[PDB]
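See below for the structure under consideration.
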Amino acid sequence: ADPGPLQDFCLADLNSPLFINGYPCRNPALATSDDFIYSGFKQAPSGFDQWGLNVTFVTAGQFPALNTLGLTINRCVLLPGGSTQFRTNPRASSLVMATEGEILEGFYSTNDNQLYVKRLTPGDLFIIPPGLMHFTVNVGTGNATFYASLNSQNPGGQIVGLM
Amino acid sequence: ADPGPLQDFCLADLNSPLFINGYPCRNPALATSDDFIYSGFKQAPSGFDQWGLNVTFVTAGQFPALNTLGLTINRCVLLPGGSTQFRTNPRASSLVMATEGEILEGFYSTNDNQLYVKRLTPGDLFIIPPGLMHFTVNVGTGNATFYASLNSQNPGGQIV
Amino acid sequence: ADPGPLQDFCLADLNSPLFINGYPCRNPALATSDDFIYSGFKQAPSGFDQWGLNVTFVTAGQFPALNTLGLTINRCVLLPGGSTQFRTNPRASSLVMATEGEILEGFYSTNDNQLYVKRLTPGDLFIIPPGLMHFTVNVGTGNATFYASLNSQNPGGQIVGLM
Amino acid sequence: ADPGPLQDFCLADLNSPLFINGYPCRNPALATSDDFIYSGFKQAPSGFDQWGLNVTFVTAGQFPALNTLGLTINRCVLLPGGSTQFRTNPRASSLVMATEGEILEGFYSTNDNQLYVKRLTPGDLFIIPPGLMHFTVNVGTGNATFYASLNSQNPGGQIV
Amino acid sequence: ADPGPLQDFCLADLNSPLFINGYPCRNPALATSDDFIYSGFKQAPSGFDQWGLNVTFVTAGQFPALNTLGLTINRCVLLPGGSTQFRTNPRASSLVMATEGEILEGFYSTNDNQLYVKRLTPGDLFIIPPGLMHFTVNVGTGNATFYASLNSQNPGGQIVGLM
Amino acid sequence: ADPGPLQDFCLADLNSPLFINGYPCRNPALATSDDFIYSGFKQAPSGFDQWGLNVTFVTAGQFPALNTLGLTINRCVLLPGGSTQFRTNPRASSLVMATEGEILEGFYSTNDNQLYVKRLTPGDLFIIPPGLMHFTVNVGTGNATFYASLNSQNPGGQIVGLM
Ligand SMILES: *[C@@H]1O[C@H](CO)[C@@H](O[C@@H]2O[C@H](CO)[C@@H](O[C@@H]3O[C@H](CO)[C@@H](O)[C@H](O)[C@@H]3O)[C@H](O)[C@H]2NC(C)=O)[C@H](O[C@@H]2O[C@@H](C)[C@@H](O)[C@@H](O)[C@@H]2O)[C@H]1NC(C)=O
Ligand SMILES: *[C@@H]1O[C@H](CO)[C@@H](O[C@@H]2O[C@H](CO)[C@@H](O[C@@H]3O[C@H](CO)[C@@H](O)[C@H](O)[C@@H]3O)[C@H](O)[C@H]2NC(C)=O)[C@H](O[C@@H]2O[C@@H](C)[C@@H](O)[C@@H](O)[C@@H]2O)[C@H]1NC(C)=O
Ligand SMILES: *[C@@H]1O[C@H](CO)[C@@H](O[C@@H]2O[C@H](CO)[C@@H](O[C@@H]3O[C@H](CO)[C@@H](O)[C@H](O)[C@@H]3O)[C@H](O)[C@H]2NC(C)=O)[C@H](O[C@@H]2O[C@@H](C)[C@@H](O)[C@@H](O)[C@@H]2O)[C@H]1NC(C)=O
Ligand SMILES: *[C@@H]1O[C@H](CO)[C@@H](O[C@@H]2O[C@H](CO)[C@@H](O[C@@H]3O[C@H](CO)[C@@H](O)[C@H](O)[C@@H]3O)[C@H](O)[C@H]2NC(C)=O)[C@H](O[C@@H]2O[C@@H](C)[C@@H](O)[C@@H](O)[C@@H]2O)[C@H]1NC(C)=O
Ligand SMILES: *[C@@H]1O[C@H](CO)[C@@H](O[C@@H]2O[C@H](CO)[C@@H](O[C@@H]3O[C@H](CO)[C@@H](O)[C@H](O)[C@@H]3O)[C@H](O)[C@H]2NC(C)=O)[C@H](O)[C@H]1NC(C)=O
Ligand SMILES: *[C@@H]1O[C@H](CO)[C@@H](O[C@@H]2O[C@H](CO)[C@@H](O[C@@H]3O[C@H](CO)[C@@H](O)[C@H](O)[C@@H]3O)[C@H](O)[C@H]2NC(C)=O)[C@H](O)[C@H]1NC(C)=O
Ligand SMILES: *[C@@H]1O[C@H](CO)[C@@H](O[C@@H]2O[C@H](CO)[C@@H](O[C@@H]3O[C@H](CO)[C@@H](O)[C@H](O)[C@@H]3O)[C@H](O)[C@H]2NC(C)=O)[C@H](O)[C@H]1NC(C)=O
Ligand SMILES: *[C@@H]1O[C@H](CO)[C@@H](O[C@@H]2O[C@H](CO)[C@@H](O[C@@H]3O[C@H](CO)[C@@H](O)[C@H](O)[C@@H]3O)[C@H](O)[C@H]2NC(C)=O)[C@H](O)[C@H]1NC(C)=O
Ligand SMILES: *[C@@H]1O[C@H](CO)[C@@H](O[C@@H]2O[C@H](CO)[C@@H](O)[C@H](O)[C@H]2NC(C)=O)[C@H](O)[C@H]1NC(C)=O
Ligand SMILES: *[C@@H]1O[C@H](CO)[C@@H](O[C@@H]2O[C@H](CO)[C@@H](O)[C@H](O)[C@H]2NC(C)=O)[C@H](O)[C@H]1NC(C)=O
Ligand SMILES: *[C@@H]1O[C@H](CO)[C@@H](O[C@@H]2O[C@H](CO)[C@@H](O)[C@H](O)[C@H]2NC(C)=O)[C@H](O)[C@H]1NC(C)=O
Ligand SMILES: *[C@@H]1O[C@H](CO)[C@@H](O[C@@H]2O[C@H](CO)[C@@H](O)[C@H](O)[C@H]2NC(C)=O)[C@H](O)[C@H]1NC(C)=O
């Protein structure tokens, strides 16, 4: 549901004094190859929340080249015993790929909160419809790592309940 | 640019005799937890094209639960010396994450085909705007693996 | 974010054996004036949930002419002491109009769940961004009534927390 | 058909010197609870046009918090004998709810202007597809009041 | 505002008994090159309305390959003294190109119907925003021909006034 | 896929120092009738590329009134023996109308590049789905002229192969 792009690219000007839907852009003539790579995932999680989750975000706020292009990827690492609590992504679907460890991944539908839940091991994909309450719990040994691909440059994230 | 969903989910009925924009759906009341997991990536590449590329596709055609939900992920594995050739994804952006090996990833803009190209190592991301000509070359020692996340259930792919 | 209409109207065929995004339609040549009125709100709430809320829904599931046209209105009645609990509308904004009694209406943003809350009396409007956790509490005398206008034929509704 | 929002909210800066599709926004960090309520409907109609209609508008121009969020509600009050004349909402559907009095509400399709018209009494809803010519006539004894919910922050209005 | 296509093409099955938003499609495997050409404009206008206008329509109803692809072209020919009356295209912009003769082309805005009117000679373009009341009158000698490009497979057309 | 317009019109301010998705706009109160006509097609092609193609562009970059309104028209003239090479329009469908001369027009699908090719004479239409590789070659005598209608204010254009 992100607005369609009206040109090739439009790098977010993160220090603009203006506020618009999304971000104003830098001069596209000034873009270089370096603007289209993002290397943030090379930094390991620097900490975890009280529930054992670290999220490393890659939205247009972190990766200016994502502006207008409709995509986000977030890396989630769960300590042993860690969980996400109940969360939503208000403005995007989330396609989860497990890459390390083992997790319980589930979402609740809008039909009396019917729960669709599966155990994921590395390689597994799990799709979360937009805005629906979901969770991840680490059920394996060591850390669990998964990547969420979302169809918005800024899906948003909200903690909705605790466990 | 995928049409927005008008309900929670709508699993593609791949055996329907009808043809519509996207796919007709199975009865949502019959959907189970098993319908929202996809395990295709656990199968290693079974072969490679003449250029050393294997693509393992996860569109709504392979993962029915993606129907109406606007996302695709593809796994690409390149043998040493492998290349993707020049390709487009006509109907989606592509966000590439390198996970193994090292690649050259680039795309051409519509302004005299200016080339934006970078070396990617595991962890790096590279964004290809929708429809733009792009390529990947394996410049590392072993196999290169990267995943393309696309904002369509069926972005399409074309060698140009 | 509802798909745009590709013709004047497309009345939901609610007894179709097919399932598609949205609803298949009846033959538009068979539509009559009666198909574009909906009188469900003339029935008073027939009951309330354990927390004192009655919702009378008008989505495309109840009002076939809404199919493809991107709108829903729901009537909410709260008994004295009643509340909605914490809820989301996953796929639409919600514009609330209070018409009877007095309510506390609020939503939480995705920025550390900052709460935006106001007391509403009849005539007041309050806008809930899409997918964001929100609530209504009856703080007046007697029943509270408000109408939610949503920009989807089927916004969805999910109870996300209790109070 | 309103562009999707790219953040939680984006209050219209109505005093901006810039002009863009929609409105530039105020700093979201400065938004308060007061920004998400609108109390304009507490003012009764201050006057009526020659045809006995008063419209009290709530678009993003009046209610800045509606900016990017895709909704509008307008209150229409018709004096006895009043009428709206033939009008369109070019960029949105209109879902009409009658709340006081009795009205004739109708719209014309694009198929030889077939007329779909119904009598509405309080509680009734009537849906007008986007852009289609429509009208309301007061057929009751007192004032008629109805609210139009539209799926745009700025649907537009035109007498045709 | 047409829904985005979810595949390469989707030729309208005009003989389907089903009704959905837009059209159900033929088997894309059966599509041939001939399905993507439309030659209706080789037919001259066969008649004119009360007022001297002939419209030759190319929507998805006439050109099945337009289904899901978001475009329509209409050819309009005006006899001497002919006019369109006041009309709207409810669901699309219209980009008019004059190719023969001379016309007065105008639309009214929603701001108290301010009139934007220009007269066009062959080669000229004039843009009509979506849904806005507009008209064209033949002000030259002989026939006037112009083509309307619209960003919908089925923009719709309505006479709204009589001029 | 162009973002929907949020007002009647929004003429591109091409002299703005700002960069956003699309274009910032001039004050709509200053717009006049002349802002909605574009006469660029009155200029004949001033030159041709290596290969005998001239494109006269009418995007929002040339015709500011197209901004937010979702349409573009391009005129293409091919010298004898001329061709476009393999090209894409990344962000729009293209509806081609041949008006002078004779052309071979084709596009390749994403299904192993199956070729859909037709030859066109004046009046014929041919639809190119968005982003798909396509070409036109002049196969008649003299100049060939066709107009491309695209459902974007800035579809973009890319040479993808050399034929
Ligand atoms: C789960 O994931 C966390 C975060 O990635 C791991 O903790 C991190 O481990 C890094 C490497 O093991 C630590 O960096 C090292 O720091 C030392 C001294 O400062 C350096 O000499 C060394 O070269 C590295 O740079 C990093 O400090 C640490 N980060 C955090 C936030 O804790 C964690 O690893 C496990 O826990 C830590 C506390 C150590 O005991 C590790 O040995 C141990 O593996 C991951 N857990 C598992 C089971 O893999
Ligand atoms: C690059 O990636 C490809 C595909 O993932 C690797 O080839 C695959 O290697 C597997 C071994 O890890 C092969 O499985 C074996 O198959 C034989 C034949 O029946 C079995 O008897 C045996 O028990 C294993 O199951 C798999 O068949 C093979 N697939 C293909 C399509 O070739 C490749 O590995 C390298 O090449 C193969 C041919 C072997 O020589 C591997 O030992 C070798 O590492 C990957 N290349 C690199 C450099 O990592
Ligand atoms: C809050 O809203 C509820 C639902 O609208 C009100 O309860 C409803 O009141 C109706 C009319 O007062 C009841 O219908 C009547 O039934 C009787 C006997 O069956 C008939 O003789 C009569 O003609 C009406 O048809 C309806 O039964 C009732 N519905 C429910 C679900 O309770 C409620 O009204 C208040 O509570 C009820 C229990 C009565 O005591 C009412 O007198 C009282 O006003 C509304 N509350 C307020 C404060 O307005
Ligand atoms: C139809 O709706 C209109 C607008 O809401 C009603 O007119 C309004 O009636 C108010 C009374 O309820 C007027 O307020 C009074 O104004 C005077 C003048 O200064 C004050 O001194 C006095 O204290 C009140 O505040 C209000 O001015 C008036 N507005 C307009 C634009 O006319 C209308 O009511 C009917 O007409 C008016 C003129 C009075 O005669 C009312 O008593 C009468 O009911 C509504 N019509 C009906 C049939 O309900
Ligand atoms: C989870 O782990 C990630 C990765 O280690 C942490 O992300 C890092 O968080 C810090 C502090 O929030 C960020 O620092 C910020 O950097 C920007 C760079 O311009 C600067 O402007 C800010 O003022 C601030 O210094 C850092 O960028 C960020 N790194 C990445 C790759 O995202 C995250 O904090 C961890 N979460 C928790 C809860 O511990
Ligand atoms: C690259 O590697 C992937 C992963 O091994 C290969 O994908 C696999 O391809 C086979 C054959 O195309 C698929 O089997 C087919 O399934 C369909 C539908 O069930 C059926 O009609 C066929 O008869 C056949 O059984 C298999 O599902 C697929 N697996 C996954 C996970 O996608 C791919 O073939 C390799 N590409 C090349 C060029 O070697
Ligand atoms: C809140 O009050 C409303 C209005 O009184 C109640 O709505 C009504 O609910 C009943 C039972 O769910 C509906 O009955 C159904 O009618 C359809 C009509 O075709 C039928 O197919 C079903 O099998 C069933 O009989 C009724 O339609 C509905 N009325 C309206 C106007 O929506 C609602 O149940 C109350 N909620 C609670 C929690 O009490
Ligand atoms: C129908 O009744 C409504 C409700 O009384 C009238 O709306 C009110 O109209 C006045 C004058 O147009 C608005 O005041 C103006 O506000 C702007 C912006 O602050 C300012 O620039 C002007 O100088 C003037 O003060 C007032 O805000 C507005 N109230 C509401 C709630 O919308 C409307 O005028 C009546 N229509 C007719 C035809 O009588
Ligand atoms: C305007 O002229 C066109 C072109 O001849 C007419 O279009 C044909 O109309 C008949 C009758 O409905 C159809 O069966 C044909 O398929 C149409 N052909 C094409 C190419 O569109 C049209 O009828 C004329 N309109 C009026 C009002 O006279
Ligand atoms: C305007 O166009 C009409 C329709 O094409 C012309 O009438 C046709 O003229 C041709 C001669 O070239 C006849 O073969 C057709 O039978 C006529 N058809 C109809 C429906 O009249 C008309 O001559 C044109 N007038 C001018 C002044 O250009
Ligand atoms: C194709 O012909 C057109 C029409 O003359 C040329 O368009 C002009 O190009 C100049 C130089 O960039 C611009 O300053 C003008 O504003 C253009 N006018 C119009 C109406 O577009 C175009 O340059 C030619 N292209 C080639 C490759 O020769
Ligand atoms: C094809 O088109 C070109 C461009 O319009 C023609 O060349 C022009 O011819 C006119 C004469 O009518 C001259 O006034 C221009 O100066 C020429 N311009 C250029 C750039 O050459 C050409 O003659 C046409 N050829 C055919 C066979 O139709």
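Note that each Cβ is placed from the backbone with ideal geometry, even for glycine, and that neighbours are counted across all protein chains shown. Values quoted throughout were computed directly from the atomic coordinates according to the rules given, and no laboratory measurement underlies them.
Taking the Cα centre of the protein assembly as shown as origin, sum charge times position over the Cβ atoms of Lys and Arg (+1) and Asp and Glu (-1), and report the length of that vector in debye to the nearest 20.
Here the size comes out at about 20 debye.
Identify, among E:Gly52, E:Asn27, E:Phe9, the residue whose Cα sits farthest towards the positive end of the charge dipole of chain E, taking +1 on the Cβ of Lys and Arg and -1 on the Cβ of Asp and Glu, with the dipole about the Cα centre.
Looking along the dipole axis, the top candidate is E:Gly52.
With θ set to phi - 60° and the Karplus curve 6.51 cos²θ - 1.76 cosθ + 1.60, what are the ³J(HN,Hα) couplings of region B:40-47 in order, to the nearest whole Hz, using x for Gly and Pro?
Result, ordered by residue: x, 5, 6, 7, 5, x, 8, x Hz.
Can you give the local net charge around D:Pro64? Use residues other than it whose beta-carbon is closer than 9 angstrom to its beta-carbon, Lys and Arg +1, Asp and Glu -1.
-1
If you find the alpha carbon centre of region E:82-138 and of region D:95-160, how far apart are they in angstrom?
With region E:82-138 and region D:95-160 each reduced to a Cα centre, they are spaced 27 Å.
Using the 10 angstrom Cβ neighbour count as an exposure proxy, how do E:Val139, D:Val160, A:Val96 rank, fewest first?
Fewest-to-most Cβ neighbours within 10 Å comes out as E:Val139, D:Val160, A:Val96.
Relative contact order of region D:89-160, please, whole-number percent, based on alpha carbon pairs below 8 angstrom and at least 6 residues apart.
That works out to 48 percent.
To the nearest µm²/s, what D does Stokes-Einstein give for chain A at 4 °C and 1.567 mPa s, using the Kirkwood radius over alpha carbon pairs as Rh?
77
With +1 assigned to the C-beta of every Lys and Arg and -1 to the C-beta of every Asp and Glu, and no other charges, what is the dipole magnitude of chain D about the Cα centre in debye, to the nearest 20?
Numbers: 7 positive and 11 negative charges, 32 e Å.
Approximately 160 debye in magnitude.
Cut-off under 24 Å on the C-alpha distance; same-chain residues fewer than 8 positions from E:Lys118 excluded. Which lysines are left, in chain and number order?
Correct list for E:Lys118: F:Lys42.
Place a +1 charge on the Cβ of each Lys and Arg in chain E and a -1 charge on the Cβ of each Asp and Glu, then give the dipole magnitude about the Cα centre in debye, rounded to the nearest 20. Don't skip to the end; give the middle numbers.
Numbers: 7 positive and 11 negative charges, 33 e Å.
Dipole magnitude for chain E comes out near 160 debye.
Quick check: pseudo-label points 7 Å beyond the Cα along Cα→Cβ at A:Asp49 and E:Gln85, how many nm apart are they?
That separation, rounded to one decimal, is 6.1 nm.
Count the net charge of all other residues whose Cβ sits under 10 Å from the Cβ of F:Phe9, scoring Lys and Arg as +1 and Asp and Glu as -1.
-1
Is the protein assembly as shown best put as rounded, prolate or oblate by its Cα gyration tensor, with a ≥ b ≥ c the root eigenvalues, rounded for a/c under 1.5, and otherwise prolate when a/b is larger than b/c, oblate when not? Spell out each step's value before the answer.
On the way: a/c = 1.63, a/b = 1.01, b/c = 1.61.
In terms of gyration-tensor shape, oblate.
In nanometres, what is the gap between the two model label sites at E:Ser39 and D:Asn15, each 7 Å from Cα along Cα-to-Cβ?
Computed distance between label sites E:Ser39 and D:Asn15 equals 6.6 nm.
By the scheme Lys and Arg +1, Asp and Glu -1, what is the net charge of all other residues having a beta-carbon under 13 Å from that of A:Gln158?
+1
For chain A, with a Gaussian network of springs between Cα atoms less than 10 Å apart, report the residue from A:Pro129, A:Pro28, A:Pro64 with the top mean-square fluctuation.
A:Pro28
Just tell me how shielded B:61-69 is by partners: mean number of partner chain Cβ atoms within 10 Å of each residue's Cβ, no decimals.
Mean partner-chain Cβ count within 10 Å for B:61-69: 4.
Convert each backbone phi in region D:20-29 into a coupling constant with the Karplus relation 6.51 cos²θ - 1.76 cosθ + 1.60 (shift: θ = phi - 60°), then list the ³J(HN,Hα) values in order as whole Hz, x for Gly and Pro.
Karplus values, whole Hz, x for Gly and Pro: 9, 4, x, 9, x, 10, 6, 4, x, 5.
Say the dipole of chain B comes from +1 at the beta carbon of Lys and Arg and -1 at that of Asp and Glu; which of B:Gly157, B:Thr32, B:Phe9 then lies farthest toward its positive end?
Going by the Cα projections, it comes out as B:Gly157.
Picking from D:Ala44, D:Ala12, D:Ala92, which is most flexible by a Gaussian network model of chain D using Cα springs under 10 Å?
Result for chain D, Cα springs under 10 Å: D:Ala44 fluctuates most.
Which whole-Hz couplings ³J(HN,Hα) result when phi for each residue of region C:56-73 is put into the Karplus expression 6.51 cos²θ - 1.76 cosθ + 1.60, θ = phi - 60°, listed in order with x for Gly and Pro?
Karplus values, whole Hz, x for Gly and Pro: 9, 8, 10, 9, 4, x, 9, 10, x, 5, 6, 4, 6, 9, x, 9, 9, 10.
Give me the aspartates and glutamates in straight-line cross-link reach of B:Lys42: C-alpha distance below 17 Å, same-chain residues under 8 apart excluded.
Qualifying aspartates and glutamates at Cα under 17 Å: A:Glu100, A:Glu102, A:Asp124, B:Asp34, B:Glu100.
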